[PDB]
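Student: What follows is the file data15.pdb, containing PDB, C-alpha atoms (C1' of nucleotides):
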```pdb
ATOM      1  CA  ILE R   1    -105.837 -41.744  61.173  1.00  0.00           C
ATOM      2  CA  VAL R   2    -102.431 -41.001  62.689  1.00  0.00           C
ATOM      3  CA  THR R   3    -101.470 -43.641  65.261  1.00  0.00           C
ATOM      4  CA  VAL R   4     -97.723 -44.028  64.584  1.00  0.00           C
ATOM      5  CA  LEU R   5     -96.108 -40.699  63.768  1.00  0.00           C
ATOM      6  CA  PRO R   6     -93.014 -41.065  61.515  1.00  0.00           C
ATOM      7  CA  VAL R   7     -89.803 -39.297  62.586  1.00  0.00           C
ATOM      8  CA  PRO R   8     -87.636 -38.290  59.612  1.00  0.00           C
ATOM      9  CA  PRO R   9     -83.925 -38.943  59.817  1.00  0.00           C
ATOM     10  CA  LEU R  10     -81.158 -36.480  60.486  1.00  0.00           C
ATOM     11  CA  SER R  11     -80.463 -36.010  56.789  1.00  0.00           C
ATOM     12  CA  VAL R  12     -83.912 -34.459  56.314  1.00  0.00           C
ATOM     13  CA  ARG R  13     -83.409 -32.256  59.390  1.00  0.00           C
ATOM     14  CA  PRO R  14     -79.680 -31.568  59.664  1.00  0.00           C
ATOM     15  CA  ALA R  15     -78.180 -29.787  62.664  1.00  0.00           C
ATOM     16  CA  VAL R  16     -76.333 -26.779  61.285  1.00  0.00           C
ATOM     17  CA  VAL R  17     -73.447 -25.579  63.423  1.00  0.00           C
ATOM     18  CA  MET R  18     -72.686 -21.950  64.203  1.00  0.00           C
ATOM     19  CA  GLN R  19     -69.525 -20.154  63.186  1.00  0.00           C
ATOM     20  CA  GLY R  20     -68.691 -20.998  66.803  1.00  0.00           C
ATOM     21  CA  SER R  21     -70.197 -24.161  68.306  1.00  0.00           C
ATOM     22  CA  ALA R  22     -73.777 -23.187  69.221  1.00  0.00           C
ATOM     23  CA  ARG R  23     -75.678 -25.941  67.395  1.00  0.00           C
ATOM     24  CA  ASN R  24     -78.954 -24.529  66.085  1.00  0.00           C
ATOM     25  CA  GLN R  25     -81.691 -27.081  65.485  1.00  0.00           C
ATOM     26  CA  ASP R  26     -84.192 -27.088  62.645  1.00  0.00           C
ATOM     27  CA  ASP R  27     -87.754 -25.938  62.939  1.00  0.00           C
ATOM     28  CA  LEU R  28     -88.840 -29.530  62.491  1.00  0.00           C
ATOM     29  CA  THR R  29     -86.682 -30.840  65.320  1.00  0.00           C
ATOM     30  CA  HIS R  30     -88.307 -28.245  67.563  1.00  0.00           C
ATOM     31  CA  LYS R  31     -91.753 -29.374  66.496  1.00  0.00           C
ATOM     32  CA  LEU R  32     -90.910 -33.007  67.159  1.00  0.00           C
ATOM     33  CA  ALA R  33     -89.728 -32.004  70.622  1.00  0.00           C
ATOM     34  CA  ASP R  34     -93.030 -30.239  71.267  1.00  0.00           C
ATOM     35  CA  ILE R  35     -94.998 -33.248  70.042  1.00  0.00           C
ATOM     36  CA  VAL R  36     -93.148 -35.664  72.295  1.00  0.00           C
ATOM     37  CA  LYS R  37     -93.499 -33.279  75.243  1.00  0.00           C
ATOM     38  CA  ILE R  38     -97.257 -33.006  74.896  1.00  0.00           C
ATOM     39  CA  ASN R  39     -97.529 -36.695  74.092  1.00  0.00           C
ATOM     40  CA  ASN R  40     -95.925 -37.653  77.396  1.00  0.00           C
ATOM     41  CA  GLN R  41     -97.916 -35.008  79.253  1.00  0.00           C
ATOM     42  CA  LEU R  42    -101.250 -36.053  77.754  1.00  0.00           C
ATOM     43  CA  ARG R  43    -100.324 -39.673  78.360  1.00  0.00           C
ATOM     44  CA  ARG R  44     -99.793 -39.143  82.094  1.00  0.00           C
ATOM     45  CA  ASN R  45    -102.870 -36.934  82.474  1.00  0.00           C
ATOM     46  CA  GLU R  46    -105.312 -39.218  80.673  1.00  0.00           C
ATOM     47  CA  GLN R  47    -103.637 -42.165  82.406  1.00  0.00           C
ATOM     48  CA  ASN R  48    -104.874 -40.869  85.759  1.00  0.00           C
ATOM     49  CA  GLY R  49    -108.248 -39.170  86.095  1.00  0.00           C
ATOM     50  CA  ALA R  50    -108.504 -35.850  84.274  1.00  0.00           C
TER
ATOM     51  CA  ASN F   1     -57.574   6.840   9.582  1.00  0.00           C
ATOM     52  CA  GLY F   2     -54.962   5.966  12.143  1.00  0.00           C
ATOM     53  CA  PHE F   3     -54.188   2.521  10.755  1.00  0.00           C
ATOM     54  CA  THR F   4     -53.547   3.603   7.200  1.00  0.00           C
ATOM     55  CA  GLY F   5     -53.348   7.391   7.162  1.00  0.00           C
ATOM     56  CA  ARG F   6     -55.887   8.084   4.446  1.00  0.00           C
ATOM     57  CA  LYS F   7     -58.651  10.575   5.061  1.00  0.00           C
ATOM     58  CA  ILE F   8     -62.072   9.250   5.895  1.00  0.00           C
ATOM     59  CA  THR F   9     -64.599  10.143   3.246  1.00  0.00           C
ATOM     60  CA  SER F  10     -67.085  11.421   5.805  1.00  0.00           C
ATOM     61  CA  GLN F  11     -66.484  14.176   8.338  1.00  0.00           C
ATOM     62  CA  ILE F  12     -66.695  12.959  11.896  1.00  0.00           C
ATOM     63  CA  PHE F  13     -68.449  14.924  14.641  1.00  0.00           C
ATOM     64  CA  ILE F  14     -66.073  15.424  17.558  1.00  0.00           C
ATOM     65  CA  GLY F  15     -65.924  17.586  20.681  1.00  0.00           C
ATOM     66  CA  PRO F  16     -65.574  17.558  24.484  1.00  0.00           C
ATOM     67  CA  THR F  17     -68.215  15.693  26.498  1.00  0.00           C
ATOM     68  CA  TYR F  18     -68.490  14.876  30.194  1.00  0.00           C
ATOM     69  CA  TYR F  19     -68.479  11.198  31.054  1.00  0.00           C
ATOM     70  CA  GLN F  20     -68.916   9.250  34.234  1.00  0.00           C
ATOM     71  CA  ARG F  21     -67.545   5.908  35.319  1.00  0.00           C
ATOM     72  CA  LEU F  22     -70.216   3.750  36.860  1.00  0.00           C
ATOM     73  CA  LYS F  23     -69.483   1.374  39.713  1.00  0.00           C
ATOM     74  CA  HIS F  24     -70.089  -1.746  37.592  1.00  0.00           C
ATOM     75  CA  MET F  25     -66.720  -3.195  36.704  1.00  0.00           C
ATOM     76  CA  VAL F  26     -66.296  -6.586  35.064  1.00  0.00           C
ATOM     77  CA  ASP F  27     -63.828  -7.754  37.685  1.00  0.00           C
ATOM     78  CA  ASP F  28     -66.728  -7.938  40.139  1.00  0.00           C
ATOM     79  CA  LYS F  29     -68.879 -10.062  37.826  1.00  0.00           C
ATOM     80  CA  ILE F  30     -66.719 -12.738  36.233  1.00  0.00           C
ATOM     81  CA  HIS F  31     -67.553 -16.081  37.853  1.00  0.00           C
ATOM     82  CA  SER F  32     -66.768 -19.712  37.160  1.00  0.00           C
ATOM     83  CA  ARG F  33     -67.530 -22.990  38.880  1.00  0.00           C
ATOM     84  CA  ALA F  34     -66.206 -26.464  38.287  1.00  0.00           C
ATOM     85  CA  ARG F  35     -67.035 -28.773  41.198  1.00  0.00           C
ATOM     86  CA  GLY F  36     -66.667 -26.571  44.260  1.00  0.00           C
ATOM     87  CA  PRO F  37     -68.594 -26.637  47.558  1.00  0.00           C
ATOM     88  CA  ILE F  38     -72.259 -27.607  47.896  1.00  0.00           C
ATOM     89  CA  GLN F  39     -75.262 -27.038  50.123  1.00  0.00           C
ATOM     90  CA  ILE F  40     -75.689 -29.177  53.200  1.00  0.00           C
ATOM     91  CA  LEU F  41     -79.345 -30.130  52.860  1.00  0.00           C
ATOM     92  CA  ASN F  42     -79.571 -31.017  49.159  1.00  0.00           C
ATOM     93  CA  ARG F  43     -76.085 -31.639  47.903  1.00  0.00           C
ATOM     94  CA  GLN F  44     -76.305 -29.006  45.178  1.00  0.00           C
ATOM     95  CA  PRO F  45     -73.875 -26.131  44.601  1.00  0.00           C
ATOM     96  CA  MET F  46     -73.986 -23.057  46.786  1.00  0.00           C
ATOM     97  CA  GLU F  47     -75.216 -19.756  45.339  1.00  0.00           C
ATOM     98  CA  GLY F  48     -73.156 -16.625  44.785  1.00  0.00           C
TER
ATOM     99  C1'   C E   1     -56.468 -32.688  53.924  1.00  0.00           C
ATOM    100  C1'   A E   2     -60.998 -29.834  52.286  1.00  0.00           C
ATOM    101  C1'   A E   3     -61.823 -25.289  54.950  1.00  0.00           C
ATOM    102  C1'   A E   4     -66.585 -20.479  55.117  1.00  0.00           C
ATOM    103  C1'   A E   5     -74.142 -20.737  59.283  1.00  0.00           C
ATOM    104  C1'   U E   6     -79.339 -19.914  58.860  1.00  0.00           C
ATOM    105  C1'   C E   7     -83.698 -16.367  58.580  1.00  0.00           C
ATOM    106  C1'   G E   8     -85.736 -11.447  57.546  1.00  0.00           C
ATOM    107  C1'   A E   9     -85.118  -6.324  55.493  1.00  0.00           C
ATOM    108  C1'   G E  10     -83.193  -2.923  51.912  1.00  0.00           C
ATOM    109  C1'   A E  11     -80.718  -1.126  47.766  1.00  0.00           C
ATOM    110  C1'   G E  12     -79.112  -2.412  42.793  1.00  0.00           C
ATOM    111  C1'   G E  13     -78.046  -4.698  37.680  1.00  0.00           C
ATOM    112  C1'   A E  14     -80.067  -6.859  32.757  1.00  0.00           C
TER
END
```
Take the structure in the file and write it out as structure tokens.
Tutor:
Amino acid sequence: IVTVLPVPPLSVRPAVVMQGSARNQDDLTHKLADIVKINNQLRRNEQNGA
Amino acid sequence: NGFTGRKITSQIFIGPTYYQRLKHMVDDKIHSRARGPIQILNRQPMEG
RNA sequence: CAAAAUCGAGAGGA
């Protein structure tokens, strides 16, 4: 049962640069962002009454 | 025989035929790698 | 003192 999600290092999810400087992120970095978003959101909501 | 001048014992079949030159030249296919660049995720050589 | 991305589609070669 997942209670402590593991976050893999930058070498598993490198940040490839553009031919310019627009730094694209991985898919997995995006998913970690979404997880932390909803984790904070769900934490505040369940913390109060919901 | 152009090297030695003597006839060839057989008779060779010869005449004018239409050929084409296809786009596939060897100068676009020779390749060689000895420790060049590598991929960023798994440090293995690039492709191509 | 190493400089030069990724993902999809299509056409080819043996």
Student: Tell me which protein, DNA and RNA residues are within 12 Å of stretch 25-33 of chain F, counting all atoms listed in the file, leaving out same-chain ones fewer than 6 positions away, and put them as JSON, numbers by chain.
Tutor: {"F": [45, 46, 47, 48], "E": [13]}
Student: Which residues of chain F are close to chain E, meaning at most 12 Å apart when you count only C-alpha atoms (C1' of nucleotides), and how do they look as a PyMOL selection string?
Tutor: chain F and resi 22-25+29+36-41+46
Student: So which residues get picked by the PyMOL selection byres ((chain R) within 10 of (chain F)) here, written as a list in words?
Tutor: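 Against this file, the PyMOL selection byres ((chain R) within 10 of (chain F)) returns the residues residues 11, 12, 13, 14, 15 and 16 of chain R.
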Student: Taking C-alpha atoms for each residue, export the selection above as a short mmCIF file (atom, residue, chain, number, x, y, z; two decimals), keeping the file's coordinate frame.
Tutor:
```
data_model
loop_
_atom_site.label_atom_id
_atom_site.label_comp_id
_atom_site.auth_asym_id
_atom_site.auth_seq_id
_atom_site.Cartn_x
_atom_site.Cartn_y
_atom_site.Cartn_z
CA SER R 11 -80.46 -36.01 56.79
CA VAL R 12 -83.91 -34.46 56.31
CA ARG R 13 -83.41 -32.26 59.39
CA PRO R 14 -79.68 -31.57 59.66
CA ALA R 15 -78.18 -29.79 62.66
CA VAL R 16 -76.33 -26.78 61.28
#
```
Student: Evaluate the PyMOL selection byres ((chain R) within 9 of (chain E)) against this structure - the residues, as a list in words, please.
Tutor: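 So the PyMOL selection byres ((chain R) within 9 of (chain E)), applied here, picks out residues 16, 17, 18, 19 and 24 of chain R.
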Student: Between atom CA of residue R:6 and atom CA of residue R:31, what is the distance, to one decimal in Å?
Tutor: 12.8 Å
Student: Hey, can I get the axis-aligned box for stretch 3-12 of chain E? All listed atoms, 6 Å padding on each side, centre and edge lengths in Å to one decimal, as AutoDock Vina command-line options.
Tutor:
```
--center_x -73.8 --center_y -13.2 --center_z 51.0 --size_x 35.9 --size_y 36.2 --size_z 28.5
```
Student: Which value, in Å to one decimal, gives the distance between atom CA of residue R:3 and atom CA of residue R:30?
Tutor: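 These two atoms are separated by 20.4 Å.
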Student: Enter the distance from atom CA of residue R:10 to atom CA of residue R:26, in Å, rounded to one decimal.
Tutor: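 About the pair atom CA of residue R:10 and atom CA of residue R:26: they are 10.1 Å apart.
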Student: Given the choices R:8, R:1, R:47, R:42, which gets closest to residue R:28 if the distance is worked out from only C-alpha atoms?
Tutor: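 Closest to residue R:28 of all the choices is R:8.
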Student: Because some atoms of stretch 1-28 of chain F are absent here, can you restore N, CA and C atoms and send them as a short mmCIF file (atom, residue, chain, number, x, y, z; two decimals), keeping the file's coordinate frame?
Tutor:
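Just written: part04.cif:
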```
data_model
loop_
_atom_site.label_atom_id
_atom_site.label_comp_id
_atom_site.auth_asym_id
_atom_site.auth_seq_id
_atom_site.Cartn_x
_atom_site.Cartn_y
_atom_site.Cartn_z
N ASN F 1 -57.50 8.17 9.00
CA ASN F 1 -57.57 6.84 9.58
C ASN F 1 -56.23 6.47 10.17
N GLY F 2 -56.22 6.13 11.46
CA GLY F 2 -54.96 5.97 12.14
C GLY F 2 -54.19 4.74 11.72
N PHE F 3 -54.87 3.73 11.19
CA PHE F 3 -54.19 2.52 10.76
C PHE F 3 -53.44 2.73 9.46
N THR F 4 -54.01 3.51 8.57
CA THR F 4 -53.55 3.60 7.20
C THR F 4 -53.32 5.01 6.70
N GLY F 5 -53.72 6.03 7.44
CA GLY F 5 -53.35 7.39 7.16
C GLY F 5 -54.26 8.13 6.22
N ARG F 6 -55.08 7.43 5.45
CA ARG F 6 -55.89 8.08 4.45
C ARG F 6 -57.07 8.77 5.09
N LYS F 7 -57.50 9.88 4.51
CA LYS F 7 -58.65 10.58 5.06
C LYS F 7 -59.83 9.63 5.11
N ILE F 8 -60.81 9.96 5.93
CA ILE F 8 -62.07 9.25 5.90
C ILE F 8 -63.02 10.07 5.05
N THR F 9 -63.79 9.40 4.20
CA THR F 9 -64.60 10.14 3.25
C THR F 9 -65.63 11.01 3.93
N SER F 10 -66.14 10.59 5.08
CA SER F 10 -67.08 11.42 5.80
C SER F 10 -66.34 12.32 6.78
N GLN F 11 -67.02 13.34 7.28
CA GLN F 11 -66.48 14.18 8.34
C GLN F 11 -67.09 13.75 9.65
N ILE F 12 -66.26 13.52 10.63
CA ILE F 12 -66.69 12.96 11.90
C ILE F 12 -66.99 14.10 12.84
N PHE F 13 -68.03 13.94 13.66
CA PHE F 13 -68.45 14.92 14.64
C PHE F 13 -67.71 14.65 15.93
N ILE F 14 -66.96 15.62 16.42
CA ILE F 14 -66.07 15.42 17.56
C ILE F 14 -66.05 16.68 18.41
N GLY F 15 -66.08 16.50 19.74
CA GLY F 15 -65.92 17.59 20.68
C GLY F 15 -65.84 17.10 22.11
N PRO F 16 -65.77 18.00 23.10
CA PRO F 16 -65.57 17.56 24.48
C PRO F 16 -66.88 17.30 25.22
N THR F 17 -67.01 16.11 25.79
CA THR F 17 -68.22 15.69 26.50
C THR F 17 -67.83 15.15 27.86
N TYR F 18 -68.73 15.30 28.82
CA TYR F 18 -68.49 14.88 30.19
C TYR F 18 -68.98 13.47 30.39
N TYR F 19 -68.08 12.53 30.66
CA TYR F 19 -68.48 11.20 31.05
C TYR F 19 -68.23 10.87 32.51
N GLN F 20 -68.92 9.82 32.91
CA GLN F 20 -68.92 9.25 34.23
C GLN F 20 -68.40 7.83 34.13
N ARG F 21 -67.93 7.30 35.24
CA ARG F 21 -67.54 5.91 35.32
C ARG F 21 -68.39 5.24 36.38
N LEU F 22 -69.29 4.38 35.95
CA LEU F 22 -70.22 3.75 36.86
C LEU F 22 -69.54 2.61 37.60
N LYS F 23 -70.10 2.29 38.76
CA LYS F 23 -69.48 1.37 39.71
C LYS F 23 -69.40 -0.06 39.22
N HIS F 24 -69.92 -0.36 38.03
CA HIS F 24 -70.09 -1.75 37.59
C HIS F 24 -68.93 -2.18 36.72
N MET F 25 -67.93 -2.76 37.36
CA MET F 25 -66.72 -3.20 36.70
C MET F 25 -66.78 -4.70 36.51
N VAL F 26 -66.19 -5.18 35.42
CA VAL F 26 -66.30 -6.59 35.06
C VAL F 26 -65.58 -7.46 36.07
N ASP F 27 -64.58 -6.93 36.75
CA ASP F 27 -63.83 -7.75 37.68
C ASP F 27 -64.66 -8.18 38.88
N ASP F 28 -65.81 -7.57 39.09
CA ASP F 28 -66.73 -7.94 40.14
C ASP F 28 -67.87 -8.80 39.64
#
```
